[PDB]
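*Asks:* A structural model of the following input is requested.
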Amino acid sequence: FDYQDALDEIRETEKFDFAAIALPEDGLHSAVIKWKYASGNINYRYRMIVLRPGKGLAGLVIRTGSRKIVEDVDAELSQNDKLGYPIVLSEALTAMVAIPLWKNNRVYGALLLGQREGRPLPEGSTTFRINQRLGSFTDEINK
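*Replies:* Residues are numbered from 1 along each chain as shown. For reference, the structure is listed below:
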């Protein structure tokens, strides 16, 4: 039972079209962020995504340490925003929730829960909890 299985459970049970985990990885210069795990992906372009520190949707969430909720991607994100969040374009997401993953007392990675084709975010998925559902990771709530 690895992160892939936990991700699949979350996506299926919460009724999302797409889910992914962004985690820190070693680069020859500095640490980078990659979407290490994906569930319900429509292609494999997410794998080519390599974010420098602070960059991308994962970077925003890691920086602020708080979740980002987008009910309507087409209407709520600017052109610059979409270009800055390549997984949003590669997976054709129309709605999403991105949640900071905490390890120890520090921000670490990001969980992305996404919808396609105009399907709304499930009700309450904004108050959604990581804790005891994705290994040792927790969310920003109670920090």
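*Asks:* And the helices in the protein?
*Replies:* Remark: helices assigned in the chain by DSSP state H are 3-14, 56-64, 73-76, 79-84, 86-90.
*Asks:* Specify the beta-bridge partners of the residue nearest the centre of the chain.
*Replies:* By Cα atoms, centre = their mean, the chain has its centre lying nearest to residue 112, at 2.1 Å. Taking DSSP bridges as the rule, residue 112 bridges to residue 20, residue 98.
*Asks:* ok, it touching residue 56?
*Replies:* No. The pair residue 112 / residue 56 is not scored as a contact, 10.3 Å apart, by Cβ atoms under 8 Å. (Each C-beta comes from the backbone N, C-alpha and C, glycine too.)
*Asks:* Find the residues that touch each one of the two.
*Replies:* 22, 87 (Cβ atoms under 8 Å, 6 or more residues apart in numbering).
*Asks:* Skip the chain neighbours and tell me the closest residue to residue 96.
*Replies:* residue 114 (4.2 Å; Cβ to Cβ, 6 or more residues apart in numbering).
*Asks:* Any idea how many residues pack against that neighbour?
*Replies:* By other Cβ atoms under 10 Å, 25 other residues sit near residue 114.
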